[PDB]
Amino acid sequence: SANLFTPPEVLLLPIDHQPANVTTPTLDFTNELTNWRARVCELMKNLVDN
Amino acid sequence: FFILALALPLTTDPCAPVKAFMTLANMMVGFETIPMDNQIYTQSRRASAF
């Protein structure tokens, strides 16, 4: 293990990882990034109708 | 959706009403959500799969 500042076997990510439970994926909107997109769109909507 | 809604009740398929409902359910994803049975036959499956 060549890791220096992190424990071995550990790979850090900047995004929450939720392992998939099925092998036949379908569209889903309960996502970390989907929430971000929805919030941004809603903020823009609140801006335009101010 | 209109075409399918009018066409479905004339077929002999016993499982027709479920497909009629799921046809709208598919179009309505993200906009409006409902609880489904499991992770496989989620709200975003092709209506014809049921």
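What the entry reports as its method is cryo-EM, with 3.30 Å given for the resolution.

### Looking at a nonpolar patch on the surface
All names here are of chain B. The grouping of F1, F2, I3, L6, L24 and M27 at the surface amounts to a nonpolar patch, some 680 Å² of accessible area in total. The set of elements that each furnish at least two residues to the nonpolar patch consists of α1 (2-7) and α2 (16-27). Considering every element that reaches the nonpolar patch, the biggest residue donor is α1, with three residues. Mapped onto the elements of the fold, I3 is located in helix α1. We classify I3 as exposed; its relative accessible area is 65%.

Criteria and cut-off values
- Residues numbered from 1 in each chain as written, not as in the entry; some residues may be left out.
- Chains lettered and ligands numbered in written order.
- Part of a larger assembly, values for the part shown.
- Heavy atoms only, no water.
- Patch = residues over 30% accessible without salt bridge, like charges linked within 9 Å, V, L, I, M, F, W, Y side chains within 5 Å.
- Areas by Shrake-Rupley, 256 points an atom, 1.4 Å probe, with all protein chains shown as cover.
- Salt bridge = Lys/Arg side-chain N within 4 Å of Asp/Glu carboxyl O.
- Helix = DSSP H or I, 4+ residues; strand = E, 2+ residues; numbered from the N terminus.
- Buried < 20%, exposed > 50% of the residue type's maximum accessible area, 1.4 Å probe, protein only.

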